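> next input, structure requested:
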Amino acid sequence: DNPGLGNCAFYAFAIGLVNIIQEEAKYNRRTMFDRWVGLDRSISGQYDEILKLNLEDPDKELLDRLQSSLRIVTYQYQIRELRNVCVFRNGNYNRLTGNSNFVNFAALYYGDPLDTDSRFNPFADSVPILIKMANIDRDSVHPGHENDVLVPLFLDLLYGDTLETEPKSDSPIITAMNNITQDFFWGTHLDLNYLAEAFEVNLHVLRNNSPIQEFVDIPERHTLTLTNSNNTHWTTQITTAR
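Residues are numbered from 1 along each chain as shown. Take a look:
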């Protein structure tokens, strides 16, 4: 093989989970796999295949299946988090403004190619959203007041709560978010954070831009250790006990 071809976030995290599941098996445990089944019942028949996976040469077909499950899981968690932050507004609108999906949506306003790459931002190239953005009078917008337009537009496009805990099914927001489940979408650390919480792992993403890389761990949780170069070249650390 050649690592120059790239390796996306979901693949790297999947490999980390398979390592955990295979190690747990040696201790007569399927705790992590059972957690996976709790998050996505559809993977339950894959247990024996996962135990047979050779992580030095992983079967791409099974790895594709596993990372598809992870995309569905992170999508559902990101939907639920956006609804919770849109339903329970606290007299302050700004946990919406710090939500990773709102930030991704707001990047379409500025149009920076770095933050509107379709591999990493599911809102990128959304025709309905590009149309709404284009009909904003950017000269009416005082610098630093963008969210006074972006937050109402986002809520209107979502139909979040002051409506119902239900955002519209054909909502452009929800439809853009469905891109998370597609193969052209590589994912970032943002998508993996929801997965780390869903699977209850400590997630260490090493970046080699500081001589000291600091993480805070819950000792009860397995730790999943990845490296990330420019969101396009992920690696997975895997370990076996002797």
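> nearest residue to the middle of this protein?
Centroid-nearest residue in the chain, with C-alpha atoms, centre = their mean: residue 191, separated by 1.4 Å.
> distance check, the nearest residue to that residue once chain neighbours are set aside against residue 81.
The shortest distance from residue 191 to any non-neighbouring residue, by C-beta to C-beta, 6 or more residues apart in numbering, is to residue 74 (4.8 Å). Quick note: C-beta positions are derived from backbone N, CA and C, even for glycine. Counting by C-beta to C-beta, to the nearest Å, the gap between residue 74 and residue 81 amounts to 10 Å.
> so these two - more neighbours on which side?
residue 74 (26 against 16; other C-beta atoms under 10 Å).
> that one contacts residue 194, correct?
Yes - here residue 74 reaches residue 194: they are 4.6 Å apart, a contact under C-beta atoms under 8 Å.
> show me what the lengthiest strand in the chain packs onto, helices and strands only.
Across the chain, the strand with the greatest residue count (assigned by DSSP state E) is strand 222-229. In terms of contacts (3 or more C-beta pairs under 8 Å, 6 or more residues apart in numbering; DSSP states H and E), strand 222-229 is packed against helix 9-26, helix 189-199, strand 201-206, strand 233-236.
> so what sits against both of residue 74 and residue 81?
Taking C-beta atoms under 8 Å, 6 or more residues apart in numbering as the contact criterion, the residues that touch both residue 74 and residue 81 are residue 194.
> just checking, what packs against the longest helix belonging to the chain?
Residue-count comparison of every helix in the chain, with assignments taken from DSSP state H, identifies helix 60-87 as the longest. Contacting helix 60-87 under the criterion 3+ C-beta pairs under 8 Å, 6+ apart are the following elements: helix 9-26, helix 47-52, helix 94-98, helix 100-110, helix 147-158, helix 172-177, helix 189-199.
> list the contacts for residue 223?
Taking C-beta under 8 Å, 6+ apart, we find residue 223 in contact with 201, 202, 203, 204, 217.
> now the first one. Nearest residue, chain neighbours left out?
This means residue 201. Ranked by C-beta to C-beta, 6+ apart and with sequence neighbours excluded, the top spatial neighbour of residue 201 is residue 224, at 4.5 Å.
> check contacts around the one you found.
Applying C-beta under 8 Å, 6+ apart, the residues contacting residue 224 are 13, 16, 17, 20, 196, 201, 202, 203, 204, 236.
> let's see it at 10 Å
Contacts for residue 224 (C-beta atoms under 10 Å, 6 or more residues apart in numbering) come out as 12-13, 15-17, 19-20, 192, 195-196, 199, 201-205, 236-238.
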